[PDB]
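One structure is given below, encoded as structure tokens.
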Amino acid sequence: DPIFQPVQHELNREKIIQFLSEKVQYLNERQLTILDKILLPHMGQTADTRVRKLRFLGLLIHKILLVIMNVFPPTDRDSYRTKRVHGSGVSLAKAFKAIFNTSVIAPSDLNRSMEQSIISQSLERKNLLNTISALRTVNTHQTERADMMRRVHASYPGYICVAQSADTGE
Amino acid sequence: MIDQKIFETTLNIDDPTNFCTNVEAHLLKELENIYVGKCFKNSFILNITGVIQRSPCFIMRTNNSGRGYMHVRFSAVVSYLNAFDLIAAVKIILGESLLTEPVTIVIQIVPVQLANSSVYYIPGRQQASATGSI
Amino acid sequence: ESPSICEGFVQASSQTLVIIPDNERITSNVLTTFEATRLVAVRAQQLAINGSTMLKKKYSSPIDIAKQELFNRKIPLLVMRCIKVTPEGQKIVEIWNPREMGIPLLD
Amino acid sequence: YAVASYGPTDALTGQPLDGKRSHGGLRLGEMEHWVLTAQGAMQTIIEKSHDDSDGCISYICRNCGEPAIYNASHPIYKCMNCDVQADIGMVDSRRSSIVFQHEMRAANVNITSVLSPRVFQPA
Amino acid sequence: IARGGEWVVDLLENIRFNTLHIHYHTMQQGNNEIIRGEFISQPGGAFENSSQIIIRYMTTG
Amino acid sequence: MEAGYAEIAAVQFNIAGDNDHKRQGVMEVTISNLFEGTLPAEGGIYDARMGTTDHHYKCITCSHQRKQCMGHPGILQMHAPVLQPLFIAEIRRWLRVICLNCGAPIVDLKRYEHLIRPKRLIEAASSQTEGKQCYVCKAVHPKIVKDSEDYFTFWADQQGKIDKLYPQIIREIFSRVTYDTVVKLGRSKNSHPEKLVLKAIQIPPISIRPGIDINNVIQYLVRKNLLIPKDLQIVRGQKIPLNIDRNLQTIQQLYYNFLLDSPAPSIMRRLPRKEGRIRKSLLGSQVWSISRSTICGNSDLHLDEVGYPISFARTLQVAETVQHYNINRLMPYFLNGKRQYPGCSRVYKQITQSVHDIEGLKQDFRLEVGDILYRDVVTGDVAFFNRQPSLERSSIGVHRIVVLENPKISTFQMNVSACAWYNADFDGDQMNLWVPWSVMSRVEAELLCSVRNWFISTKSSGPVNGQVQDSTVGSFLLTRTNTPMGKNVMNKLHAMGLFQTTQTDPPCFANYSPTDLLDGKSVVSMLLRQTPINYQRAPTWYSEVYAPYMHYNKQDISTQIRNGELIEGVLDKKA
Amino acid sequence: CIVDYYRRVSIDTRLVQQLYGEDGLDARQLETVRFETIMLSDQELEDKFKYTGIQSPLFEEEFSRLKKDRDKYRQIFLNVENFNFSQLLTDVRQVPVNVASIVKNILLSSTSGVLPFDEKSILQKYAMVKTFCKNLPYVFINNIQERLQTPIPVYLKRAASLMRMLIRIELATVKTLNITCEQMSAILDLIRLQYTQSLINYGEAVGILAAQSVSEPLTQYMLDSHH
Amino acid sequence: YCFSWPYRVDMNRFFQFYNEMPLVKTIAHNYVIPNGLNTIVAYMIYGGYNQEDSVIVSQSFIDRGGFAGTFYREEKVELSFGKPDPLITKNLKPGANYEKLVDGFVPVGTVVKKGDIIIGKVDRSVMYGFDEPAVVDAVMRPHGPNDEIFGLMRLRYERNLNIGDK
Amino acid sequence: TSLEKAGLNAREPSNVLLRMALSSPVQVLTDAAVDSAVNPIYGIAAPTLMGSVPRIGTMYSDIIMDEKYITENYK
Amino acid sequence: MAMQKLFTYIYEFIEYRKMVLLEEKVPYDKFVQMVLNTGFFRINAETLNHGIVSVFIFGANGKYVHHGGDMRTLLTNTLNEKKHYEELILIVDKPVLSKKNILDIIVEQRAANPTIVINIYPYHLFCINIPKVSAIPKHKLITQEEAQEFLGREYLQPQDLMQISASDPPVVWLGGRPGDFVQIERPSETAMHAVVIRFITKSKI
Ligand SMILES: [Mg+2]
Ligand SMILES: [Zn+2]
Ligand SMILES: [Zn+2]
Ligand SMILES: [Zn+2]
């Protein structure tokens, strides 16, 4: 590794942690303590989950290697087994979480900026159908990727209307 | 002093049908109207007498006006001055010369000798500008 | 210190119009639709600014007067076809008289 | 929508504004100019892009190629480069093109317009 | 209701969390690597902060 | 004095130096103050000598009023030199190709002499040139490196010892360069490297910065320039104080961001992309005297006719100059005014050089010869009809205006067979329409851009227009030999009734009795005789896939026309 | 790319084409006609185009001109066939003037029917089609240079090759027996008029025309990507 | 479009008077109000006026209320309200009517045109501008988020089915 | 040569305005300034960028007033 | 392979160039053996102007195509012989054309002898009768008088014409030098053949 030349062979764990800290015993722990919080937090954020974190990371590397061996195909980017739909409750809370620290903790602006996020879709009242379809619309935010994400994926039936889409434009 | 200098210009012909009925007379009329008594190309141009070469009455291409321009190389008599030249009679208005060469000089009637600053023939003006001493 | 580019810039040598003799012209003796359209447009604009025509028949539109002047071969214009601009300052052109030229279909 | 020969113009380019909402405009874009060029109109293009758009008159010195200062009503005939030798010529242009040339000059790119030579039939 | 207008928070299509998304960058851009298995870890719910880890196989090996 | 007609024949691009800005400028920005209450501050960045952005005052320089004034540049004499943002790479190339102590070329000018001039300096600077010893002054050329955290600072490394090359140092270095080195390196004399450091920058004309966001950067630059000492001299290795090290950096950054940023979009970002000055303002245009509406079908309009609703016909005007030959025709327009159609609403009097609205004419009924009357669009006027995207040559065509005097109709109406020119249908398509008002553009529209010129495709050399849908299937029904009712015959009344709407001179039926029967081929031949042509081809009706089934009539499966007489076969898509 | 006064296509002054379509014709002024002599064998070419009424070397020369035109057409378009994948030789060509229709229209309008044998007319009718084909490249110049009979450039001689070939096929003596000399002079004046009316105009932006004309089939080509 | 349409002030919202249940209904109409009409349609060629996706409509069907309705536009301006006095003169809008103004606003029920002035403000008045004439039936003066009054004039457009409507 | 930017540099190197109009105006303009480029005004894009009109079909041929005809008919 | 085709068609190239062989033809086995041993096979021919054209055929693995010193030695030795030497033709593998050092020695000795034309070509230039290829339209060189009258009638400078490389296979077989004019009779699907004149410019590589 052109960047990690000194520690490529080192077994002194403290040396590895130290070099990582400068790239980013009390300081030895802190850079290791921040690591487990930012590395697979869903497994846990405490020192008693390091072994299972390593097992899970090994499993992830194993799955990537299985894909490179053509044992498995790449993950389907358009399948809905790996997708989630987030609206109102999730979307505002993360925006409220980001807005709460910068307007309250960091020092009437939070209300204005939250409203500004709301504006930045407009409820079009063409009819009742337009309203309940605008609230039933899922939004995704010249290549094979552009073709594939616009298709009728075989995972749609029953969850996404196989007919409804724009008929003109991008 | 009075001298003759060859100038070139492009006229503008707003009535190309009427202008071409007599090109030389109208051409001299326009040249006299525009350039007589006005500084142009570092000279005053007292009067216009002579057209050397001229172009066809081209029709303007870049606008829908239907007008024409014509290029003209005309010979005119010009008044020019040099440093350390003597002017007989300069009237006080700053002084304006009474001779055939209209010059306004910055220093009743007082004779004036021109300085070494050389005469400024600001193009388009009805006179020259110069500085001198008595 | 470099001088201003205007100082070292020479404008252009004035050109002399060289008119190719009538028997040496190799461009078409028929007006193109572009040239006929331009002739009618110029004549009609000049009939909008002036009013003098050679047409015996009276027309209420400058466009009609110009169209009939082109068709009746009394349009007071010439077509100058600039074929070459020579480095030593010659503008070599063919001048074609639209009254003697063949008029395109235009209709 | 239908607009007459006048209305609000863009302050910078001098062209009409953008369509019905701005109370003026409608656009003849690149493709429309390609079509009119392919038809060889060039007098519809003059009318639409100069008379009905930001058409303007520019003044070039013909002695330095630089834009000049000319005014018929208030008598002004000068250029900052070769003042006493000014040979100002009247060039039809557009305000967008003048703005574009000014923007090029603001980036210290000097633009000198050579201007077509005066042609004379032999004496 | 805000600024006198009516607005809706659209349903956003989002990648599922705590899952490995293996990607082949096969069109040769970024030629120094063609694979990446992306994993985004959500601790205990949609509101917690998520940390994305990227595992790559490089052409170097 | 008169400015004669001229055309631009060539455009010469160059690098503008201090002398250019001093010669071209009409003023110097000396103060950072913005306005003197209501008029612009004299010496400020809004100084009226640069131009006028308001109707309240003129230009001073040219005495025009915001419309005939193109703007005039001003100068900002900088207390410390700046490097031109566009030519930073040129400065870098010239730094490593020139000895700093005496300006002589450290490289061998003969080695690159054979190269093409634009490549000579690029390839000369490509060489390492580190540690090279100058012939004239025996000085070792340092390493010219670029600071990674900004775009305009040059460091000279002498074997580990580095000093920052300030723009004054670079200006002195490049001033020591002779013109012979310039020309032998493929650059012109106008590209001398000393031009690349500016001590006086050009303040743009207010025409390109109207409205009271780019003037903020100019304002910040002007006041920050005042902070620097006027007599600041920086020799190589001076180690200048840090208080102006930041100040000199922020002036150079401001000038760089003024031109090459990407807040406050720079001057050079106005050019590129689809919305830029070139593609949006220059290669396109927003225009006046143009209308847009939904299109719809009108089978009673000729293929070269467009249905123009009367409301638009009064909005768009045709300019008619009054002369002796048109004064009588123009009078009914003038008398109708805005009240009646065909009317007019404007008059330009050339003696006053002024335009007068038609309502305000007290006794101006003297519509005198030479003035321009702007009259409404009338039937028979030509108009440009455009559907976007304009891909074909026929995407813009000229149609004869048919004014629809029904006030309830607001669509552009066109024959269905004219849709092939525009690739249009009537499912909600919109097309632009503008009526040429100038005489030159009207002559051009009639003679050159008429849709009769696009009947044959330029792309394929074949015809574009023909029958579509109802007329394709209606020609087959008319010309088929047999109907389910028997023979495809009509009596004289119905044969006459077929020609009611053709708008051509009807044929003669005087040789037919009321009870005489006429075939559909007979009535078609009555029309085709006016333009007799010879045609012999099988119809689309006859096909081999259908043939094993269905009874094909022998009279129907071979379309033959001889001198305009359809004698057999049907007329359908093939014909 | 703009057509200049020689009907070349040039950028500024640098030539892109010596003649616009290699024939100098507007794309809107072309008709597709069949060349009869192309597929005929040597024997059936004689049976159809070799005149036998008058025993003159001129009608032997007329047939050799027909035979040489057929062989030139075959030699060119068999070679074109060679350096292509599947571009088959065709007897149909796009020409400015459909001569066969002009002859048919003149024959229809002729009050006289079958003309009696007139050796002087037939010889003279042949002479003025041989003269007409010779002067055909002058449509690309003007009637001034035709009157002076100044040299035709080689590329302008080749530009008239396809129409010269069609005129010989369609105005062959076997096909104009019932046509008078006054009618044939009108036929030739009508051919020259439609040839002049078919030429590309000076100053046409033919580069934009080509870009427009080639870009539309690109969209259909991309539509048929799934096919 | 909204059962509270008259209480609401809306922009570019069209309320169609008559709606019909489809004769052939689907499961969707159990949950969304049917909008549209069971028009009698003849699938036929009639003079070539319905070609290329055009339709021939019965003029009587239009007159009888078929697809007729009201179109609404909102005019909101923020600050004094009042008709300008002739003393202003110079700053007045060119050719603007400036009449039909009572207490700074156009009265409810007045047909306004392109040249008319609505919501006089002090010149700071508001020009109607639209080519289509409108009828004013709303004059409010509510307080904004900072407790400041504003215009909020609602304009009414009577829209029958027109030629060129989709 | 291609129809891309490189092809236009090979065929029309001195048409800076045309090359600016296609793509990357700042890069083209910088190279033109350092090269002291002279851009003759021809074609379509170059006269358009200069605010002029292309010298093509209706503007291709110059029209000059027939002085001889006018003096003999219009005097 | 390439060697037999080159051996059979280099003499067709010499005859097409209207050149007469000074030496005598050797059998193919002798030619390939001489290529393998000496590293090159030199064929000398005489033009109509009694000039000498020397053709060098360099083997793929020969010493000359690898080391520039031997190329220098060979070229300097042959160029100093008592011959008129209208032209020098060096036929090598195509990968040699991308070898910078060989190109450097070629251009250096080209500058050393301004009069002599030195050209280096790949094998495929002479592995076929280029004028007999169907896809290649008939090229022919035209005199400066014909070109001058054509340009005078057309009001063209030579630089206005469409350009052609001196290294174009038909031009190489014609022997067209830069500054000369080549007339091409191209087949046409619109005019049924056409004629253009192309200006010969500097050789590539
Ligand atoms: Mg549609
Ligand atoms: Zn000047
Ligand atoms: Zn000004
Ligand atoms: Zn030195």
Side-chain angles (χ1 to χ4, degrees), chain A residues 121-139 150 152 156-169, chain E residues 6 8 10-11, chain F residues 294-297 408-411 416 425-430 469-470 473, chain H residues 1-8 10-73 156-166:
Chain A
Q121 68 192 285
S122 172
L123 186 47
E124 203 82 23
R125 289 183 175 270
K126 294 320 234 205
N127 42 358
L128 302 323
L129 193 60
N130 200 34
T131 297
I132 47 56
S133 298
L135 271 309
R136 277 183 92 81
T137 289
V138 178
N139 282 93
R150 296 174 153 76
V152 177
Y156 283 3
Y159 308 101
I160 302 300
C161 179
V162 294
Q164 175 144 340
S165 74
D167 44 40
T168 315
Chain E
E6 258 172 354
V8 297
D10 318 333
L11 288 174
Chain F
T294 299
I295 48 147
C296 67
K408 295 182 301 293
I409 272 51
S410 60
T411 41
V416 72
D425 42 11
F426 309 132
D427 68 331
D429 288 27
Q430 293 191 86
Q469 308 201 351
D470 304 3
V473 88
Chain H
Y1 77 101
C2 197
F3 280 75
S4 61
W5 56 292
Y7 320 111
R8 296 167 58 114
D10 273 308
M11 167 135 282
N12 304 334
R13 285 334 160 202
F14 177 77
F15 176 88
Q16 186 186 289
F17 298 142
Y18 293 106
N19 291 301
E20 281 173 12
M21 179 76 54
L23 265 171
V24 181
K25 79 175 290 179
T26 73
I27 205 57
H29 290 294
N30 301 1
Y31 309 109
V32 51
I33 306 298
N35 56 56
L37 292 172
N38 289 277
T39 54
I40 298 303
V41 50
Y43 301 88
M44 75 168 308
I45 296 175
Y46 207 60
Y49 274 98
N50 46 355
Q51 287 169 110
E52 287 278 20
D53 300 331
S54 289
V55 181
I56 303 154
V57 193
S58 177
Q59 176 62 90
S60 307
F61 171 79
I62 294 170
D63 296 342
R64 287 193 258 258
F67 300 126
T70 322
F71 189 80
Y72 287 107
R73 283 187 167 118
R156 147 160 59 83
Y157 299 80
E158 291 90 16
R159 292 284 185 83
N160 300 303
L161 179 80
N162 267 318
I163 282 329
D165 276 348
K166 200 144 59 181

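Below, chains carry the letters A, B, ... as their sequence lines are ordered, and counting in each starts from 1.
- For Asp10(E) (side chain) and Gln121(A) (main-chain N/O), a donor-acceptor pair under 3.5 Å exists by modelled atom type.
- You'll find the side chain of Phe17(H) reaches within 4.5 Å of the side chain of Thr70(H), heavy atoms only.
- One N or O on the side chain of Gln469(F) and one on the backbone of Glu52(H) form a donor-acceptor pair closer than 3.5 Å.
- A heavy-atom distance below 4.5 Å is not found between the side chains of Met11(H) and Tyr72(H).
- Atom OG of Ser133(A) and atom CG of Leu135(A) lie 9.5 Å apart (nearest 0.5 Å).
- Formation of a donor-acceptor pair under 3.5 Å by the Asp470(F) side chain with backbone atoms of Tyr46(H) is not found in this model.
- A 4.5 Å side-chain heavy-atom check between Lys25(H) and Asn30(H) finds at least one atom pair inside the cut-off.
- Without hydrogens or angle criteria, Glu20(H) side chain to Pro22(H) main chain gives no donor-acceptor distance under 3.5 Å.
- Among residues two or more places apart in sequence or in another chain, the ring-ring contact (aromatic ring centres under 6.0 Å, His included) test is passed with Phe71(H) by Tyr157(H).
- Of all heavy-atom pairs between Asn19(H) and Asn35(H), the closest is OD1-CA, 3.3 Å.
- When side chains are defined from C-beta on, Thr137(A) does not count as touching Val8(E), because their heavy atoms never get closer than 4.5 Å.
- Shortest non-hydrogen contact noted between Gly66(H) and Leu37(H) is CA-CD1, 3.7 Å.
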> Can you check side chain to side chain contact (heavy atoms under 4.5 Å, CB included) on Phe3(H) and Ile33(H), steps first, answer last?
Replying inline: CA-CA 11 Å; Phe3(H) 280 75; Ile33(H) 306 298; 4.1 Å; yes

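- Separating the NZ atom in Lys126(A) from the CG atom in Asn12(H) is a distance of 6.5 Å, to the nearest 0.5 Å.
- The shortest distance between side-chain heavy atoms of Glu158(H) and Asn160(H) does not fall below 4.5 Å.
- Annotation: side chain of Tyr31(H) is not in contact with side chain of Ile132(A) (no heavy-atom distance under 4.5 Å).
- Of all heavy-atom pairs between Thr294(F) and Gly164(H), the closest is CG2-O, 4.2 Å.
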> Can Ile40(H) and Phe61(H) be said to form a side chain to side chain contact (heavy atoms under 4.5 Å, CB included), step by step?
Replying inline: CA-CA 10 Å; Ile40(H) 298 303; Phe61(H) 171 79; over 6 Å; no

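- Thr411(F) OG1 to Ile163(H) CD1: the interatomic distance, rounded to the nearest 0.5 Å, is 7.0 Å.
- Across all their heavy atoms, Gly48(H) and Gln51(H) have their closest contact at O-NE2, 2.6 Å.
- Taking the side chain as every heavy atom from C-beta outward, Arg8(H) and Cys2(H) approach each other to under 4.5 Å.
- The main-chain N or O of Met21(H) is found under 3.5 Å from a side-chain atom of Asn38(H) such that the two form a donor-acceptor pair.
- When all heavy atoms are compared, the tightest approach of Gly65(H) to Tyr18(H) is O-CD1, 3.7 Å.
- Here the closest non-hydrogen pair linking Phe67(H) and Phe14(H) is O-CZ, 3.9 Å.
- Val57(H) has its side chain within reach of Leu161(H): a pair of non-hydrogen atoms, C-beta onward, lies under 4.5 Å apart.
- Side-chain N or O atoms of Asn130(A) include one that pairs as donor or acceptor with a backbone N or O of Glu124(A) at under 3.5 Å.
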